[PDB]
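Peer 1: Can you read through this structure? Questions will come right after.
All of the numbers you see were taken from the coordinates with simple rules; none came from a lab. Positions of Cβ are generated from backbone atoms using ideal geometry, with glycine treated the same way; all protein chains shown enter the neighbour counts.
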Amino acid sequence: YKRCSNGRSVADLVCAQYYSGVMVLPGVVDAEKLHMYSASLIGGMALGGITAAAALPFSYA
Amino acid sequence: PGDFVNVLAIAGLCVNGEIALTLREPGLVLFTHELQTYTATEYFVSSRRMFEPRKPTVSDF
């Protein structure tokens with residue numbers, strides 16, 4: 001929204017909505033956190049114990 | 001859980017190199033406290049879900 005107050009470029013649809021008063025807020029979780037969760041779940045299959053010095057061979061899980 | 005106990009798990013017993021014993025139940029683990037070696041002083045069975053150890057029985061294998 002830093003773009004939309006600086007009129008040096010003509011407002012596209014995302015700013016025309018904002019001048020009309022309606023704001024889409026940042027997505028509730030970013031694809032960076034959603035990736036860390038997915039890798040937390042995949043890695044959580046190789047987590048055979050909290051002494052996590054090397055990963056458990058998946059042929060044992 | 002406030003705490004975890006770290007133990008070396010054994011797949012089973014290869015008696016005489018002839019007969020292979022393993023636990024009947026996938027909810028139980030056969031373990032020894034002696035982490036740094038392939039074989040150990042004494043052996044126990046507990047659930048994986050809570051640490052409730054007992055000596056192995058001929059009926060578990």
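Peer 1: What residue, of A:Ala61, A:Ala52, is within 24 Å of B:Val5 (Cβ to Cβ), among the aliphatic types (A, V, I, L, M), in contact (Cβ under 8 Å) with a residue 12 or more places away in the chain and within 14 Å of chain B (Cβ to nearest Cβ)?
Peer 2: Details: A:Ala52 fails: in contact (Cβ under 8 Å) with a residue 12 or more places away in the chain.
Just one listed residue meets the conditions, A:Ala61.
Peer 1: Considering every residue within region B:4-15, establish whether at least one is assigned to a loop (DSSP other than H, G, I, E, B), more than 18 Å from A:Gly48 (Cβ to Cβ) and not acidic (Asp, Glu).
Peer 2: Our first condition is that a residue be assigned to a loop (DSSP other than H, G, I, E, B); within region B:4-15, this holds for B:4-7, B:11-12.
With the extra rule that they be more than 18 Å from A:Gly48 (Cβ to Cβ), the set shrinks to none.
Looking through region B:4-15, none of the residues is assigned to a loop (DSSP other than H, G, I, E, B), more than 18 Å from A:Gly48 (Cβ to Cβ) and not acidic (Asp, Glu).
Peer 1: On to the next question. I want to confirm something. Restricting to region A:5-49 and keeping residues that are without any contact (Cβ under 8 Å) to a residue 12 or more places away in the chain, over 30 Å from B:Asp3 (Cβ atoms) and hydroxyl-bearing (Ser, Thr, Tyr), which single residue is farthest from the other protein chains (Cβ to nearest Cβ)?
Peer 2: The qualifying residue farthest from the other protein chains (Cβ to nearest Cβ) is A:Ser9.
Peer 1: Among B:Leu28, B:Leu23, B:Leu35, which is farther than 26 Å from B:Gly2 by Cα and surrounded by 10 or more Cβ atoms within 10 Å (Cβ to Cβ)?
Peer 2: On the way: B:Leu28 fails: farther than 26 Å from B:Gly2 by Cα; B:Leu35 fails: farther than 26 Å from B:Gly2 by Cα.
On inspection, the qualifying residue turns out to be B:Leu23.
Peer 1: Tell me which residues, restricted to region B:45-61, are out of contact with any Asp or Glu (no Cβ under 8 Å at 6 or more places or on another chain), closer than 22 Å to A:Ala61 by Cβ and not charged (D, E, K, R).
Peer 2: Within region B:45-61, B:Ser47, B:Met50, B:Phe51 meet the criteria.
Peer 1: Let me ask something additional. When region A:40-50 is examined, which residues are found to be surrounded by 10 or more Cβ atoms within 10 Å (Cβ to Cβ) and either more than 20 Å from B:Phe51 (Cβ to Cβ) or polar (S, T, N, Q) (or both)?
Peer 2: From region A:40-50, those surrounded by 10 or more Cβ atoms within 10 Å (Cβ to Cβ) are A:40, A:43, A:45-49; that's our starting set.
Across region A:40-50, the qualifying residues are A:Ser40, A:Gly43, A:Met45, A:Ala46.
Peer 1: Is there a residue being farther than 21 Å from A:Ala52 by Cα, within 14 Å of another protein chain (Cβ to nearest Cβ) and in a loop (DSSP other than H, G, I, E, B) anywhere in region B:26-41? If you could, list the steps in order and put the result at the bottom.
Peer 2: If we filter region B:26-41 for residues that are farther than 21 Å from A:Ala52 by Cα, which is where we start, we get B:26-28, B:39-41.
This time we only want the ones that are within 14 Å of another protein chain (Cβ to nearest Cβ), so: B:26.
From the residues that got through so far, the ones that are in a loop (DSSP other than H, G, I, E, B) too are B:26.
Yes, there is a match, as at least one residue in region B:26-41 is farther than 21 Å from A:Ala52 by Cα, within 14 Å of another protein chain (Cβ to nearest Cβ) and in a loop (DSSP other than H, G, I, E, B).
Peer 1: Given the conditions (1) free of Cβ contacts under 8 Å to residues at least 40 places away in the same chain; (2) part of a loop (DSSP other than H, G, I, E, B); (3) farther than 26 Å from A:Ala52 by Cα; (4) not acidic (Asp, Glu), and given that B:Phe61 satisfies all but one, which numbered condition is not satisfied?
Peer 2: (1)
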